[PDB]
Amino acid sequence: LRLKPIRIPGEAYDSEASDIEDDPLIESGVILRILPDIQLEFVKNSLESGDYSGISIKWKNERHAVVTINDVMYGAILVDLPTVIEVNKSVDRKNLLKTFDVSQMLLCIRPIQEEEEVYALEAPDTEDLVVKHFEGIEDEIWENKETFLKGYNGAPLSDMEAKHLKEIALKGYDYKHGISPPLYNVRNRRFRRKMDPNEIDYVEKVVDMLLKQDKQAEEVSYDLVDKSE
């Protein structure tokens, strides 16, 4: 059945208006990059013909999916773009209308024989902005990332995920380049360095986990000490 989205009181400017759409159209999207294979030419033809039967995508994980093209099975990783991309449409060639923003790219990496090979896969030109520059303390960071890792809607990890838990939680998902040529290596070249949102989230969680352990104890104390030892 069609589930009509519920409006929360006090959250809208269009309240009490008659023009209100009951079930508006919500759209999201990402860039899809496939390898320059002989299946690329297959995809081009598919989009031209309008025959989408030779293409399917199985989502295996938050950042991991399997792209099957012409019976060839591709391992893909969803990476974060350093740039924000506004998707517009135009019937005018002149007036451009905003739809949704794209900040991610589903990146095909290599053909795989079995679906669970995607977790062992490494996304090219990607880094981990939580760890980078802090590689000295990367051991402390990793164990927290393993702890924090959760499945769909905060669900416990699957038997599959927990097996590849080390790979999944610790690989880099932050992509180096924009999709446009000038923005090649934009993150390292053409960006003045800031705190990363995914970094801030991690820092916030660690602070929280530390305080939740402080309430679970009786007497606690903290002191700033020199590196020894």
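Position 1 is the first residue in the sequence shown; the rest follow in order.
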Quiz item: What stretch has the higher average Cα B-factor here, 169 to 177 or 156 to 164?
Solution: 156 to 164
Quiz item: When the C-alpha temperature factors are averaged for each of 182 to 190 and 41 to 49, which stretch ends up with the higher value in the entry?
Solution: 41 to 49
Quiz item: Based on the entry's values, in what third of the chain does the Cα temperature factor of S90 lie: lowest, middle or highest?
Solution: lowest
Quiz item: Based on the entry's values, in what third of the chain does the Cα temperature factor of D101 lie: lowest, middle or highest?
Solution: lowest
Exercise. Give the position of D139 by CA B-factor within its chain, expressed as the lowest, middle or highest third.
Key: highest
Exercise. Please rank the C-alpha B-factors of the chain's modelled residues and tell me whether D71 sits in the lowest, middle or highest third.
Key: highest
Quiz item: Thinking about Cα B factors across the chain, which third does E114 belong to?
Solution: highest
